[PDB]
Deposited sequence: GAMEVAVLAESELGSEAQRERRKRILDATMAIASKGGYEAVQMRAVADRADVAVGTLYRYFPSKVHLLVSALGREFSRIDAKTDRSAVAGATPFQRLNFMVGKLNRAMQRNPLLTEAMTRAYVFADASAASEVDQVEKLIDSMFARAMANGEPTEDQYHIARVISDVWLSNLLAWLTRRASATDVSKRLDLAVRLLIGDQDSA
């Protein structure tokens, strides 16, 4: 949990982190900069987040939970996949920071990276049924795998956004056949 002061500090830290990530991407999210923008000390920043990976991944978790607050299965899956497709193109640098930290994480951040993962799959399952079944969760997991792979292909400028939408529609079509 934590006190109100600690909650304020944390919020300021993650807000600064997502700001600098937005303007400059992963390499711009520097710990001295994130600490300076949140008006914290660096040792405070590392007290609240043990590594840069933990920081960006926790920001990704907060953002995806916030997005979690607010027809045919291919239609609802196309709606979610298009929402996250346009959301990927919305801020490419922020997506670069959060995604790259998500995949570069080591075992020390496993728990964090797991939560995010388990939540995202959950959304993909909640976007297929208005409670889901077992097979819906499985297809959701495979879909999320293809979305991560194609997201990495786009962020590294080896696949266009049209290519991402095409290959993920190919994945959903391959699963719903």
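Colleague: Quickly check which stretches of the deposited sequence aren't in the model, judged by C-alpha, and list them in order.
Modeller: No coordinates exist for the deposited residues in 1 to 12, 83 to 90, 151, 199 to 203, so these stretches are absent from the model.
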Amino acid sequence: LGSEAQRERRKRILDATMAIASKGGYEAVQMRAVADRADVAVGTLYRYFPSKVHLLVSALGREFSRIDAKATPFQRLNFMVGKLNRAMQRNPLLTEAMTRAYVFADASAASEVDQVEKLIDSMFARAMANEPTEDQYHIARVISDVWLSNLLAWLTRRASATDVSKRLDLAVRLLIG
From here on, numbers count along this sequence of modelled residues.
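If you superpose the two forms and keep the largest set of C-alpha atoms that fall within 1.5 Å, you have the rigid core.
Colleague: If you line up the core and then measure how far each C-alpha sits from this form in 7 other deposited structures of this protein, which stretch comes out higher, 105 to 113 or 40 to 48?
Modeller: So, of the two stretches, the farther one in 7 other deposited structures of this protein is 40 to 48.
Colleague: How do 148 to 156 and 117 to 125 compare in 7 other deposited structures of this protein: which one has C-alphas farther from this form after the rigid core is matched?
Modeller: Farther on average in 7 other deposited structures of this protein: 148 to 156.
Colleague: Look up the CA B-factors in the entry and say which stretch, 20 to 28 or 164 to 172, has the higher mean.
Modeller: Higher mean C-alpha B-factor: 164 to 172.
Colleague: What stretch has the higher average Cα B-factor here, 42 to 50 or 115 to 123?
Modeller: It is 115 to 123 that shows the higher mean C-alpha B-factor.
Colleague: If you check the C-alpha B-factor for each of 103, 97, 107, 88 in the entry, which is highest?
Modeller: It is 88.
Colleague: Sort the modelled residues of this chain by their C-alpha B factor and say whether residue 144 lands in the lowest, middle or highest third.
Modeller: Its C-alpha B-factor, which the entry lists for residue 144, ranks in the middle third among residues of this chain.
Colleague: Considering every modelled residue of the chain and its Cα B-factor in the PDB entry, is residue 55 in the lowest, middle or highest third?
Modeller: As the PDB entry reports it, the C-alpha B-factor of residue 55 lands in the lowest third of its chain.
Colleague: Based on the entry's values, in what third of the chain does the Cα temperature factor of residue 69 lie: lowest, middle or highest?
Modeller: For residue 69, the deposited C-alpha B-factor lands in the highest third.
Colleague: Please rank the C-alpha B-factors of the chain's modelled residues and tell me whether residue 151 sits in the lowest, middle or highest third.
Modeller: Its C-alpha B-factor belongs to the middle third of this chain's values.
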